[PDB]
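> Let me see the structure of the following:
(3 chains)
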Amino acid sequence: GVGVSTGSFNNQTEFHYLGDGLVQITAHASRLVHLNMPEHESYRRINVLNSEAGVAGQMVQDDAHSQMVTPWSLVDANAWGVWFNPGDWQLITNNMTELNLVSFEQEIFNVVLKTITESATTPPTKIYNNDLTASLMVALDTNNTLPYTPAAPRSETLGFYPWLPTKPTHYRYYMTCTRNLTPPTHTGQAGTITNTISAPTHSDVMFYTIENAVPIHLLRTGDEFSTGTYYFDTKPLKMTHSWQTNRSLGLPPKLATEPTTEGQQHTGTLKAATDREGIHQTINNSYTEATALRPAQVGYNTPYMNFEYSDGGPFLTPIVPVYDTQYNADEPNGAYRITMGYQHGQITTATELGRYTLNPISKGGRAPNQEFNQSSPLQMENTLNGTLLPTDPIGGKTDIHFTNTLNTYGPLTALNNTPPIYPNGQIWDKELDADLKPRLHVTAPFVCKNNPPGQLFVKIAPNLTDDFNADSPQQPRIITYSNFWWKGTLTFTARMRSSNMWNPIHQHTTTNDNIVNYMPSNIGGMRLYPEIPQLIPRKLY
Amino acid sequence: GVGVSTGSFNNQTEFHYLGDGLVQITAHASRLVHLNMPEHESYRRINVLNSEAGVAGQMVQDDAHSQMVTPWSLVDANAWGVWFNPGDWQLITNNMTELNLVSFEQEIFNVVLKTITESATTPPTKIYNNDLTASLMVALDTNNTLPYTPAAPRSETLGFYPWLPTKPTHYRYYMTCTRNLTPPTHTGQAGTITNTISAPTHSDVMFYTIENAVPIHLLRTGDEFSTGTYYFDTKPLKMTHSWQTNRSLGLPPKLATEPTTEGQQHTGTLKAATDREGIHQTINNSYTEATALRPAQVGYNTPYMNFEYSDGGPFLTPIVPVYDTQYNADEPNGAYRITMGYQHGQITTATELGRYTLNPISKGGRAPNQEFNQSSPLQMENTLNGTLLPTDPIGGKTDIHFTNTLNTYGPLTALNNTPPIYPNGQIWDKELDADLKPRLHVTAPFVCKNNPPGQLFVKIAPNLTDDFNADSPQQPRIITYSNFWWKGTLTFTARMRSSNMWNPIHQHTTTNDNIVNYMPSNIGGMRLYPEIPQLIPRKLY
Amino acid sequence: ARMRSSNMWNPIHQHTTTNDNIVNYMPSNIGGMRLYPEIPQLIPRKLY
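Residues are numbered from 1 along each chain as shown, chains lettered A, B, ... in the order given. There you are, the coordinates:
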């Protein structure tokens, strides 16, 4: 029967406080998902090029790839703000040390299929007849047979507002590209560079169609498509950021001259350099605090802005994101620059899209203009030619320092994970099916070792015109759309924090200049400006 | 299935006479509730100001606040005339001493969703296509997570007629306002007053959205949304008004000169003033009847027309409503001035809205031009400067008397509750969640100590146009409406009255000039002019 | 005590720690401590 409802809209985030501190954050989400029909039902391998990199010097501007455009649309839950309004994400940045991840279920219910029909009067008048008999095709890829494409790094998820109706995005995935871009040049001189994408190699062209991979449930207007409860197996995230560094690990040296006056303008003085004792990593006698004996370095000098070049094309090496120094650099420390849409933040007036250059606040980051390197003997009051200051060029290039090439990722390199980004970051991510797994993902903090949860493919079934369908490239169809609700349930599990100290830590407050970032205006303009995550401090040693 | 009915229209008020006098007034109500679609689905915080108070002297005319307009519409039962036609409320003002309150259930059934469609011919012609697949969102706030806003003090309830189809009103609630209106001035002089609403403070901005608070049941055209039977826990109201005053409490003094003639023009004479005896509250020897020994005062001199001023703004102190003196004053006694709509009373011709300045008839009220105050010694034939007559100004203001400032609410102040007002008054009310609860509410006579019954939020689900819904402030929609029935059941419990006296008391009759207030005219014009409540007298001591 | 539950959208005022507030929470070079007050009752609630 059509006139019977099939599901319940639900969006409350139940913080069900279990014993011993553990909580069970059951986060629901429900949005009307307005699906339009596919503009073409034929699968298309669209090679993409650009004339922008074909002129010399614009080789960062490299948009060329080979794209497999499918008519199927993807309903995506893999974004943080779908499940958490800022009132409930304030509760977790204030109070939770760890976040485990447990359950996940999707549900499409209460689909409304409609036929639009044009009448030929003096305005364009469109009549919305109701389809009682048409269907739409859903496909829960319960094995992840298809390439897992999360829409969070493109900000193409469902919109993070409950009342605003969202849109699902077209499923598409990378096909093999064999990129020719060399020679790599400067900007000033002209070169005979070749900017073509070549023919795809035979051994790797990987064409997944949706019909021959996942079984597809047709759904009439009284449907209820229930995904089974996916149980995660992830590492427990740690929301508590670490502040200790290699000038803060271990036991500090004792001081003989201790201050007498109030105010921190006066400083206590240690013992002499050659008179101190302990274990030490160099040859020289004087034990300063810079060259000390620290267990492992936190962070690592990434060779930054380093454009590697693989069969796919030129690409920048992703840096583990970490809190910058007191000098805001953010490029060798891996800043996030997340541009949203008008479903994801961004007060809906006539301006362009908001930006928010972000960082975490886990203090483990370095500065490129603050580092230096020396010769093998230590030699305080060092020789001009024995120490490599960052004023020195590399190969005669004055803007380029040693740290552009210098990598220090040794085995003893402790490192914090990716911060979860709000509301625009990604929640979970597919484990890279490689022989050597990466230790952490920069795209998402939760890593699924098992089969990741099924991405959901939704497409309108072809409602066909009376016209013939043999020996024709493109058929006519009845123009149509859909309005199906979508209910999720993402059950977290988190441990409450315990204050084991004296001074009160930084909590996510609400200032007088902050309520305008949290309240609607006279029009209805909403905004979801980010939250700098990982507020509770913790010790790394 | 759509073509099967789901509920029963029902409106009979069963007076089920139980034993020992108790009755169980089971009052049903059922009205067609015509819901229109929301004009916008975006939440809007609309600050309200007015230029009327910005000029000096109009500072009672203070309409400025900060309003949170939500697209959800509220179906309200909290009004008396929904449940009681005047034939059944005559039965309870004639015969019932107390009214307990027991049960309450709501039910939305038999919804009819329709699409309106415009055709472009020479008149505007509108075609009502039927939606078999669309839905409407209902939300029974079973915990009162949202701010409880009763529509009875704004006369925005369902209309009190069974056959006339009603309308639900848009749910909206007060946001924080920080009002600047000083200096408070007179009317004659001009001042440099500042009339602005300021920026809302950070610590208190309280933005409840409907989706993230209460789980929401989508309902197709064959729905039946049944609220569970809410069981009240209220004080038993007492419909019997009290007439005894401090010139009527206790034992009267005995008289020696008793009258001889027929007719009350001749009066019995008491003993002398200095010769009477008894307990007495002053120092002087003469025991008059004014200064007597009475257990507690009934009523209390409110400082009336007293505009207190809180973070919200200027507001008048609500006075406990009580029967005025023989001199009709009604302002220091808290009159009701209830203006209705054409669904709530008010013969539906071309006139403006009816008024009915009302009072209860519980005799405990005072008059401001009939009171006076004296010095500490009593001193009959009092000194000109020793007694404060209400001809005396306060601070040189001749119209303002001592009683404008004078409060006499002592601990021994007996007081009657709020009269229930018909048909326009409120039935129940939320307990003010404060540390010190108020003793009585002026808005409604029944007080719910527990969680109050769930207010019901109804909104049409978004029926969307083919046009895109990303990166757009305002989307187009199919214009639509709804016709859902709404059945309630408000089970009272009341005790029958017992006449323990000789003379017959005032019952609510029907005079020859009263049937026009109770009967329809040749057009169909109905009216629900009020009933002066609480007719049975009782003793207070 | 009962834990609070956030039943709303916008985040309420919590007792934070600003850059001009750590000097009210940390000892100095002498040993000077301080317990400047906290403005209490931060979570808002409705009275009706």
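> So which bits of the stretch 401-541 of chain A are right by chain B?
Neighbours of chain B within the stretch 401-541 of chain A, by CB under 8 Å from any CB of the partner chain: A:479, A:481, A:483, A:485, A:510-512, A:514-515, A:518-526. (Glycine included, C-beta is placed from N, CA and C.)
> what about burial for those, which qualify?
In those, burial by neighbour count holds for A:481, A:483, A:485, A:510, A:514-515, A:518-521, A:524-526, counting by 16 or more other CB atoms under 10 Å in any protein chain shown.
> among these, which are in strands?
A:481, A:483, A:485 (DSSP state E).
> nearest residue to the last one other than its sequence neighbours?
Spelled out, it's residue A:485. Spatial nearest neighbour of residue A:485, chain neighbours left out: residue A:110 (4.7 Å); criterion: CB to CB, 6 or more residues apart in numbering or on different chains.
> so what's residue A:397 bridging to?
residue A:394 (DSSP bridges).
> Can you report how many residues neighbour it?
A total of 9 residues lie near residue A:397 under the criterion other CB atoms under 10 Å in any protein chain shown.
> The closest residue to residue A:287 other than its chain neighbours in helix, strand or coil?
Spatially, and ignoring its direct neighbours in sequence, residue A:287 is nearest to residue A:276 (4.3 Å; CB to CB, 6+ apart). Secondary structure assignment for residue A:276 (DSSP: H, G, I helix; E, B strand; the rest coil): coil.
> Tell me which of the residues of the stretch 401-541 of chain A next to chain B fall in helices.
Among those, DSSP state H puts none in helices.
> returning to what we had before: and which of the buried ones among the residues of the stretch 401-541 of chain A next to chain B is nearest to chain B?
residue A:524 (2.6 Å; CB to the nearest CB).
> which non-adjacent residue is nearest the closest one?
residue B:42 (2.6 Å).
> Smallest gap between the stretch 201-350 of chain A and chain C, at which residue?
Closest contact between the stretch 201-350 of chain A and chain C, by CB to the nearest CB, is at residue A:259 (3.9 Å).
> What ranges does the stretch 51-200 of chain A have for its strands?
Taking DSSP state E, counting those that start in this stretch as the test, the strands found in the stretch 51-200 of chain A are A:65-75, A:96-101, A:103-120, A:124-130, A:136-140, A:169-174, A:179-180, A:196-197.
> Can you get me a residue count around residue A:461?
By other CB under 10 Å, 16 other residues sit near residue A:461.
> got the contact list for it?
For residue A:461, the contact set (CB atoms under 8 Å, 6 or more residues apart in numbering or on different chains) comprises A:134-137, A:218.
> Spell out the residue ranges of the helices in chain A.
So, for chain A - with DSSP H - the helices run A:86-95.
> do you know how far residue A:466 is from chain C?
With distances taken as CB to the nearest CB, to the nearest Å, residue A:466 is found 50 Å from chain C.
> Starting from residue B:514, give me the distance back to the closest residue to chain C within the stretch 351-500 of chain A.
Chain C sits closest to residue A:496 of the stretch 351-500 of chain A, with a gap of 8.5 Å, by CB to the nearest CB. For residue A:496, the distance to residue B:514 equals 67 Å [CB to CB, to the nearest Å].
> picking up where we left off before, with distance to residue A:435 as new columns, can the ones in strands among the buried ones among the residues of the stretch 401-541 of chain A next to chain B be given to me in JSON lines?
Shown next, in JSON lines, are these (distance: CB to CB, whole Å):
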{"residue": "A:481", "distance to residue A:435": "45"}
{"residue": "A:483", "distance to residue A:435": "45"}
{"residue": "A:485", "distance to residue A:435": "42"}
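> how about the buried ones among the residues of the stretch 401-541 of chain A next to chain B, which pair is most distant?
Farthest-apart pair in these is A:481 and A:510; separation 40.0 Å (CB to CB).
> Identify the residue spatially nearest to whichever residue of the stretch 51-200 of chain A sits closest to chain C, adjacent ones excluded.
The nearest approach of the stretch 51-200 of chain A to chain C comes at residue A:90, 3.6 Å away (CB to the nearest CB). The shortest distance from residue A:90 to any non-neighbouring residue, by CB to CB, 6+ apart, is to residue C:11 (3.6 Å).
> Report the buried residues of stretch A:235-243.
Counting neighbours by 16+ other CB under 10 Å, the buried set in stretch A:235-243 is A:237-243.
> wait, isn't residue A:11 in contact with residue A:160?
No - assessed by CB atoms under 8 Å, residue A:11 is found out of contact with residue A:160, at 11.4 Å.
> starting at the chain centroid, how far to stretch A:39-51?
Put simply, stretch A:39-51 sits 26 Å off its chain's centre (CA atoms, centre = their mean, to the nearest Å).
> what does that stretch contact?
By CB under 8 Å, 6+ apart, the residues outside stretch A:39-51 that reach it are A:61-71, A:175, A:177, A:195-197, A:207, A:209, A:462, A:474.
> What segments of the stretch 251-400 of chain A are strands?
Applying DSSP E, counting those that start in this stretch to the stretch 251-400 of chain A gives strands spanning A:255-257, A:269-270, A:297-298, A:307-310, A:313-316, A:336-337, A:357-358, A:373-374, A:387-388.
> Make JSON lines out of those strands and add mean neighbour count.
Formatted as JSON lines, the strands of the stretch 251-400 of chain A follow (neighbours: other CB atoms under 10 Å in any protein chain shown):
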{"stretch": "strand A:255-257", "mean neighbour count": "11"}
{"stretch": "strand A:269-270", "mean neighbour count": "14"}
{"stretch": "strand A:297-298", "mean neighbour count": "22"}
{"stretch": "strand A:307-310", "mean neighbour count": "11"}
{"stretch": "strand A:313-316", "mean neighbour count": "15"}
{"stretch": "strand A:336-337", "mean neighbour count": "14"}
{"stretch": "strand A:357-358", "mean neighbour count": "15"}
{"stretch": "strand A:373-374", "mean neighbour count": "14"}
{"stretch": "strand A:387-388", "mean neighbour count": "15"}
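> got the contact list for residue A:256?
By CB under 8 Å, 6+ apart, the contact set of residue A:256 is A:269-271.
> what do you get for residue A:67?
A:45-48, A:172-175.
> Just the buried residues from those, in ChimeraX please.
Listed next is the ChimeraX selection for buried residues among the contacts of residue A:67, using 16+ other CB under 10 Å:
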select /A:172,175
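> Which members of the contacts of residue A:67 define the maximum pairwise distance?
Largest separation among the contacts of residue A:67 by CB to CB: A:47 and A:173, giving 14.1 Å.
> Thank you, goodbye.
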